[PDB]
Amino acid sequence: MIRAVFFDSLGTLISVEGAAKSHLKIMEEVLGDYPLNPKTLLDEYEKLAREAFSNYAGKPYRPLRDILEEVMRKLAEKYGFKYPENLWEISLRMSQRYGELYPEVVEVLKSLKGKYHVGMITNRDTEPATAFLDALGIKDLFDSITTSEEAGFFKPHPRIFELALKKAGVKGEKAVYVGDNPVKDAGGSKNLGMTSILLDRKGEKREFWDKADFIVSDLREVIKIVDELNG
């Protein structure tokens, strides 16, 4: 029996497009009148951020604030602009201003309540992740929010999934994990017996579909999978 449904954050519940807009707005704020195209700065930021995602995946937790201050110090040195004071506060403000949910999220979370434990599993730090969910009005639609900061390790290390399952009070075989990252994200979930659902919104990850138990393009399909597993 499936008793718990856990969701990834960025790309699953939280819009990639809203995150990109919030990051562009951060770059615009950092640069001010400095004569660098903010879109160019953004692309270089995202490259370094991806190379940090890769380096820390599955590793012991390190605060995201520290990782992103390191990235931005490299960029300021490279391009000659002043390193921005209070960067974390700028980033929190912009993220809450321009962040968005995918359009089906509220419907989906509400459909599961009272039937399954509903959880989010994220690599983000606890306070910002929880504050963001509160700003978007859905914090109370979750039974659990489990973070790398709580577990001590980033996805796909099993410990973060182990903690989410302990909060729900069930073995992995009784849970689904839904996320958009085939690589460097769901591996620990399969270690523990969870059923993996790969969310591929644009049909762009076909070469990795064999890594997952089920593939969906819309979160409204998740409850149909869970019902079928339970029927």
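Note that residue numbering follows the sequence shown and begins at 1.
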Higher of the two mean Cα B-factors (94-102, 121-129; per PDB record) comes from 94-102
Between 111-119 and 75-83, the record assigns the higher mean Cα B factor to 111-119
Among 169, 172, 203, 38, the highest C-alpha B-factor in the PDB entry belongs to 203
In terms of its chain's C-alpha B-factors, the third that includes residue 211 is the highest
Among the modelled residues of its chain, the C-alpha B-factor of residue 12 falls in the third labelled lowest
Residue 33: C-alpha B-factor third of its chain, per the entry, is the middle
Residue 165: CA temperature factor from the record, placed by chain third, in the lowest
Split the chain's modelled residues into thirds by Cα B-factor; residue 145 lands in the lowest
